[PDB]
*Asks:* 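Structure in structure tokens, see below.
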Amino acid sequence: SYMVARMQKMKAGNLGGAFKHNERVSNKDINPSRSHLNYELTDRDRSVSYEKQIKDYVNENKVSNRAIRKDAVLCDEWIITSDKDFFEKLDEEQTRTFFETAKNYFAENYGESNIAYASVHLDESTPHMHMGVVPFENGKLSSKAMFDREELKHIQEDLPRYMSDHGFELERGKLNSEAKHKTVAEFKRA
DNA sequence: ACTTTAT
DNA sequence: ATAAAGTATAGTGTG
Ligand SMILES: [Mn+2]
């Protein structure tokens, strides 16, 4: 099976929808009886929005005096998953351990306190995690600095290896893959 | 590399 | 006027 890891940039304007989705605050593929099986791997407070948690953290820690820009990438939400075959082979403890391990990889490489949320979804087709990583380093908030072309190349190589080194039977995606990302809605059509 | 943003 | 960070990136699956 392939390691699936892929980030989407979240601005203020889409962290609302990310929070509502992830916290399940009635789509064909959500099974509502399974929603209570979901879990959050960070110690974050569930009544506090992603926008508020991240902006407070960045404002309280940033070196510059200038306001966070309105078009700022406040976090990179990584989807961490694999195929169905992969998870069918794992019990509950193992499944949890898989996401905790992936969370660890981003914590150890990008900063423990940058993992704003790690929301594991079992109530959809395949187990996966939405993991918000704040691109905050050296007192600066910059997805441009943290996730650039070489860094995404490095993660596609080194993350699947790290996961494999930690117990999990997963291979990296195809090096130089020509695939174009489809949205969930676009992938469903196909 | 070029453009937007907040000084 | 300035300069940091905005723009995609790399990967596969029914996020
Ligand atoms: Mn989900």
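Throughout, protein chains are lettered first and strands after them, A, B, ... in sequence-line order, and every chain is numbered starting at 1. Scope of the values below: all heavy atoms of this structure, side chains included, with no hydrogens, waters or symmetry mates.
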*Asks:* Assign A:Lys84 to base, sugar-phosphate, or nothing according to its heavy-atom contacts below 4.0 angstrom with the strands shown.
*Replies:* nothing
*Asks:* Looking only at atom P, what distance separates C:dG11 and C:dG15, rounded to whole Å?
*Replies:*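 Comparing P positions in C:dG11 and C:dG15 gives a spacing of 23 Å.
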*Asks:* Does the plane of the ring in A:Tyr105 sit parallel, tilted or perpendicular to the ring in A:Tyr110? Use 30° and 60° as the thresholds.
*Replies:* perpendicular
*Asks:* Under 4.0 Å between a side-chain N/O of A:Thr126 and OP1 or OP2 of C:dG15, yes or no?
*Replies:* no
*Asks:* Roughly, in whole Å, what's the span from NZ in A:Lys62 to P in B:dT5?
*Replies:*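 Interatomic distance, NZ of A:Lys62 to P of B:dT5: 17 Å.
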*Asks:* Between atom CG in A:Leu175 and atom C1' in C:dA10, what is the gap in whole Å?
*Replies:*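 Rounded to whole Å, this separation is 10 Å.
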*Asks:* Which nucleotide, C:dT12, C:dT2, C:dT9, lies nearest any side-chain atom of A:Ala179?
*Replies:* C:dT12
*Asks:* Report yes if a side-chain nitrogen or oxygen of A:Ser142 is closer than 4.0 Å to either non-bridging phosphate oxygen (OP1 or OP2) of C:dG6; otherwise report no.
*Replies:* yes
*Asks:* Within this structure, what is the CD-to-P distance between A:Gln8 and C:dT7, rounded to whole angstrom?
*Replies:* 12 Å
*Asks:* Using a 6.0 Å cut-off, check whether atom CD of A:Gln94 has over 12 heavy atoms from anything other than its own residue.
*Replies:*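 Enclosed: over 12 neighbouring heavy atoms sit under 6.0 Å from CD of A:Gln94.
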*Asks:* What is the nucleic acid contact for A:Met129, judged by heavy atoms within less than 4.0 Å: base, sugar-phosphate only, or nothing?
*Replies:*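 Counting heavy atoms under 4.0 Å across all strands, no contact is made by A:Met129.
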*Asks:* Identify whether any heavy atom of A:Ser177 sits under 4.0 Å from a base atom; if not, whether one sits that close to sugar-phosphate; answer base, sugar-phosphate or nothing.
*Replies:* base
*Asks:* Looking across every strand, which nucleic acid part, if any, lies under 4.0 Å from A:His154 by heavy atom: base, sugar-phosphate, or nothing?
*Replies:* nothing
*Asks:* Using only heavy-atom distances, decide whether a donor-acceptor pair under 3.5 angstrom links the side-chain of A:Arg6 to the base of C:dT12.
*Replies:*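 A donor-acceptor contact between them is present.
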*Asks:* Please identify which of these residues, A:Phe87, A:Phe98, A:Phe86, A:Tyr2, meets the side-chain contact (heavy atoms from CB on, under 4.5 Å) condition with A:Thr81.
*Replies:* A:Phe87
*Asks:* Going by centres under 5.5 angstrom and planes under 30 degrees, do the aromatic ring of A:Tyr2 and the base ring of C:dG13 stack?
*Replies:* no
*Asks:* Nearest of C:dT9, C:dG11, C:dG15 to any side-chain atom of A:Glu124?
*Replies:*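 Output: C:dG15.
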*Asks:* State, without any angle test, whether A:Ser143 and A:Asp76 hold a side-chain donor-acceptor pair at a distance under 3.5 Å.
*Replies:*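 Yes, A:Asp76 and A:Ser143 have a side-chain donor paired with an acceptor closer than 3.5 Å.
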*Asks:* Is a side-chain donor-acceptor pair under 3.5 Å present for A:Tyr162 with A:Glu108?
*Replies:*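 Yes, because at least one side-chain N or O of A:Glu108 sits under 3.5 Å from a partner of the opposite role on A:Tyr162.
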*Asks:* Using a cut-off of 4.0 Å on non-hydrogen atoms, how would the nucleic acid contact of A:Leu141 be classed: base, sugar-phosphate, or nothing?
*Replies:* sugar-phosphate
*Asks:* With a 3.5 Å cut-off and heavy atoms only, can you find an N or O donor on one side and an acceptor on the other between the side chain of A:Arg69 and the base of C:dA5?
*Replies:*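 Side chain to base: pair found, below 3.5 Å.
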*Asks:* Let's see if you can work this out: which of C:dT14, C:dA8, C:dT12 has an atom nearest to the side-chain heavy atoms of A:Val184?
*Replies:* C:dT14
*Asks:* Taking only side-chain nitrogens and oxygens of A:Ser82, does any of them come within less than 4.0 Å of OP1 or OP2 of C:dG13?
*Replies:*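 For C:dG13, neither OP1 nor OP2 has a side-chain N or O of A:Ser82 closer than 4.0 Å.
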*Asks:* Between A:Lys70 and C:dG6, is there a contact of a side-chain N or O with OP1 or OP2 at under 4.0 Å?
*Replies:* no
*Asks:* Would you indicate what A:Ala67 reaches in the nucleic acid, counting non-hydrogen atoms under 4.0 angstrom: base, sugar-phosphate, or nothing?
*Replies:*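 Result for A:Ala67 = sugar-phosphate.
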*Asks:* When the P atoms of C:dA10 and C:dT14 are compared, how many Å lie between them, rounded to an integer?
*Replies:* 22 Å
*Asks:* So what does A:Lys11 touch, heavy atoms closer than 4.0 Å: a base, only the sugar-phosphate, or nothing?
*Replies:* sugar-phosphate
*Asks:* Measure from CE on A:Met7 to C1' on C:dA10 and round the result to the nearest Å.
*Replies:*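 Those two atoms, CE and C1', are 10 Å apart.
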*Asks:* Under 4.0 Å, heavy atoms only, any strand: does A:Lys144 hit a base, just the sugar-phosphate, or nothing?
*Replies:* base
*Asks:* Output the rounded distance in Å from CD (A:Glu186) to P (C:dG15).
*Replies:* 14 Å
*Asks:* Go through B:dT7, C:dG15, C:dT7 for me and flag the one nearest to the A:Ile79 side chain.
*Replies:* C:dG15
*Asks:* Looking across every strand, which nucleic acid part, if any, lies under 4.0 Å from A:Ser143 by heavy atom: base, sugar-phosphate, or nothing?
*Replies:*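 Sugar-phosphate, backbone atoms only, no base.
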*Asks:* Would you say the side chain of A:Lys140 and the base of C:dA4 hold a donor-acceptor pair, judged only by whether the two atoms sit under 3.5 Å apart?
*Replies:* no
*Asks:* When you check the phosphate oxygens OP1 and OP2 of C:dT12, does a side-chain N or O of A:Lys182 lie under 4.0 Å from one of them?
*Replies:*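 False: A:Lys182 side-chain N/O out of range (4.0 Å or more) of C:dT12 OP1/OP2.
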*Asks:* May I have the distance from A:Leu159 (atom CG) to C:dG11 (atom P), rounded to whole angstrom?
*Replies:*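 Rounding to the nearest Å, CG of A:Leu159 and P of C:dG11 are 12 Å apart.
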*Asks:* Would you mind classifying the nucleic acid contact of A:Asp71 as base, sugar-phosphate or nothing, using non-hydrogen atoms under 4.0 angstrom?
*Replies:*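 It contacts sugar-phosphate atoms only.
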*Asks:* Quickly work out the A:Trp78 CH2 to C:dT12 P distance and round it to whole Å.
*Replies:* 13 Å
*Asks:* A:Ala190 near the nucleic acid: base, sugar-phosphate alone, or nothing, with a heavy-atom cut-off under 4.0 Å?
*Replies:*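 Counting heavy atoms under 4.0 Å across all strands, no contact is made by A:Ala190.
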*Asks:* Choosing from C:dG15, C:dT14, C:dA10, which nucleotide comes nearest the side chain of A:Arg149?
*Replies:*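 Nucleotide nearest to A:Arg149's side chain: C:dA10.
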*Asks:* Describe the nucleic acid contact of A:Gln156 in one word from base, sugar-phosphate, nothing, applying a heavy-atom distance below 4.0 Å.
*Replies:* base
*Asks:* Which is more 5' along DNA chain C, the nucleotide nearest A:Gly139 or the one nearest A:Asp29? Just name the residue.
*Replies:*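 On the 5' side of the pair lies A:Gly139.
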*Asks:* In whole Å, measure the gap between the P atoms of B:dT5 and C:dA8 for me.
*Replies:*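 Comparing P positions in B:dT5 and C:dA8 gives a spacing of 14 Å.
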*Asks:* Side chain of A:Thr81 only, heavy atoms from C-beta on: which candidate in C:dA10, C:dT12, C:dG15 is closest?
*Replies:*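 My answer, after comparing the listed nucleotides, is C:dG15.
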*Asks:* Would you indicate whether A:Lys11, at its atom NZ, is surrounded by more than 12 heavy atoms from other residues, nucleotides or ligands within a distance under 6.0 Å?
*Replies:* yes
*Asks:* Can you tell which of A:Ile30, A:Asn38, A:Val184 makes a side-chain contact (heavy atoms from CB on, under 4.5 Å) with A:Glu124?
*Replies:*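 Running side-chain contact (heavy atoms from CB on, under 4.5 Å) over A:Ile30, A:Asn38, A:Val184 with A:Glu124 returns exactly one hit, A:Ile30.
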*Asks:* Would you indicate whether A:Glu171, at its atom CD, is surrounded by more than 12 heavy atoms from other residues, nucleotides or ligands within a distance under 6.0 Å?
*Replies:* yes
*Asks:* Just how far, in rounded Å, is P of C:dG15 from CZ of A:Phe19?
*Replies:*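 The distance from CZ of A:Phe19 to P of C:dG15 comes to 21 Å, rounded to the nearest Å.
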